[PDB]
Structures are given as C-alpha cells and as structure tokens.
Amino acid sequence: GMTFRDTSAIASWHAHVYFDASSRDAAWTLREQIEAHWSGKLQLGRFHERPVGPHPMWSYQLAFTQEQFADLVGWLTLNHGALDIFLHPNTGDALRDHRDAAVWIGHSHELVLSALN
C-alpha cells in the first residue's frame, strides 16, 4: 500500500512548455507573454530547440513556488493553446517526481526517464 503525503512534501514546481519545429513560433509567443505577465513570479529558462534531459520535445522551463501554483497553472490551463505542458513537483527525488508525479496540461508524453538518476 501507498503511503499518503502532505503537500508540504513539495518544495517547488517545474513546468515545461513542450513544442517542436511546427509549434516553435507559438511557443515563443507564449514565452513572451509569460515574461510580460509573470516577471518576478517565476524563473524562466532558456528556449531549448532540441530535446534535453528527460524531455522528448523541444522545451522551456518555468520554476515556481507552491504559492504561485494556482495562479500560474490556472492561467496556463486557460492560455496554453495547443502546446502541451509538462508539470511536476520537486520533492527531492527527481526520478520519482518525473515517473510518478507527472501532470500534463493538454496531452501526456512518454518522458525520457532513462536520462534521470
């Protein structure tokens, strides 16, 4: 049986906007709106135009606190268009968080979990 955890186990969240060559322009446009809308509320990573790390799509990262989660995730849910977004909590166990605690705005993708740990 699984042991239940409290939300205090979550130190922070990462979201990754996924895209590819076909959706690059749309991804860029959303990234500019995130900059415009969320300056100081999250850390925005580089625009990766290849698969990096465990990500099977081109991507960029947003890193944010539990206190920003509802506002930012709600806004992304409303405004993501056709871009899939991968989200996961950071609990101190990268493989477990990616393998077992993946959240998707839009469609899910099979991660490159073998890249972890």
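For every residue, the number given is its place in the sequence shown, counted from 1.
Here the stretch with the larger average CA B-factor, out of 4-12 and 106-114, is 4-12.
Taking only CA atoms, the mean B-factor in the PDB entry is higher for 21-29 than for the other of 21-29 and 92-100. Highest CA B-factor among the listed residues (51, 40, 45, 81): 40. Across 36, 62, 85, 72, the entry's maximum B-factor at the CA atom is seen for 36.
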